[PDB]
């Protein structure tokens, strides 16, 4: 058995993390902006091996922009920002709170008696429902369920506030403003709140390079709070990925604490790293560094020999869209038009994407289905049947972000042709479309037999390059011999290192029309291979 682990623990974009433990299970909640479903939950038995198990927000309920009714700016880079999740033992219910455009939304799910089953939730038990809307802006919320079952939320920017909730968690009953302000006027945010051995602690970030630990000086959850540095511009564990910051702390079954932070590993996104904590005699947590004062590239494993938790498909497992619902790896760009896709299900599987939007702009198209890229290098392959495309349809495999490119098929009259398109751009100023794309290369006309089984492959390099002037490249390929041989199409595509869109690069499949609705493609399957 492995006795150590290496950082990062998961090389996939899961930002604004919250972590906690129920029995033997660790849970991890991340932010997802306008991707739908939102607010994924991952589980691990050891803080190292994570698997996605549910989403707290099955359809984004924050207004009609989230349905992408009429093109950009839609709700791009709005939606779910840093939010919070905890498990309530007393009623066996998970509570997810997230502030979206000035209001805070509560989504809850029963836990299938998790408290009594060592923290396990049966897959069939998850059932997330919109439970309340609180008309308070809990920006960068951190929920605490206190030992007496009173619920508190720390929040704010650039100073921290603490609100007390009603017993059912649906309204605010008390608030203390400005429980912490930095004495040199520095901005703090990213609150996570804890009750630990009789005391209240709040973890906050100084964006985007430091984490401070606050502790209540009075013993009251309303503070006031004083601060110590947890990390500040710490080196490691990865180069060209900004600094470890934000995240949260959690204890293992053996009682040892750990700090789970994330790095700005653009162009891949923001990815978790883990370090042990020790506690000073006066009750402050400190990061255990390597012998050189760095966040270690490797540490002892927090929990040893724990079977991984194969609850559904792994990130790199072939997915032929079998059974009743999407695996937890998939999220749509904005809420999907549910009338325009079909998960066929059963042993054969297959996903039908009927065109949902008439547009010349990929960023305006409904029903683009996306998933995270695993780093540092990965190949995403989609296998399609495109015989059902109609005149004016465009469909394919997209490397999806604010600067995007795809390999796809364009159906014009009775001609289906493979194309590579680049220069698909959203303006960072307001997220309106800047460019609807350039056909960088034409591939072959494909006959009906090739249309029946076309494989489109994206080789993405997400090796961190944040804060450098080196842009990583992605290359595109197609196969019309059943995935045996691939042909490179088009130039290498340079990827942006910008943080402004927040979400990392993703693999996606899209299908829209420039002329009229009616056509469809079938996605037979997707596979991600790690490029070693």
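Positions refer to the first chain, counted from 1.
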*Would you determine, from the values in the PDB entry, which of 27 to 35 and 42 to 50 has the greater average C-alpha temperature factor?*
42 to 50
*asked:* Please compare 479 to 487 with 493 to 501 and name the stretch with the higher mean C-alpha B-factor in the deposited structure.
replied: 479 to 487
*Could you tell me which one of 131, 83, 205, 292 shows the highest CA temperature factor in the PDB record?*
292
*Which one, 378, 384, 450, 281, has the peak C-alpha temperature factor per the PDB entry?*
281
*Would you mind ranking residue 463 by its C-alpha B-factor against the rest of the chain and naming the third, lowest, middle or highest?*
middle
_Where does the C-alpha B-factor of residue 511 rank in its chain, lowest, middle or highest third?_
lowest
_Test of reading the entry: by CA B factor among the chain's modelled residues, which third contains residue 342?_
middle
_residue 211 by Cα B-factor - lowest, middle or highest third of the modelled chain_ = lowest
_Quick check for you: using the entry's CA B-factors within this chain, is residue 473 in the lowest, middle or highest third?_
middle
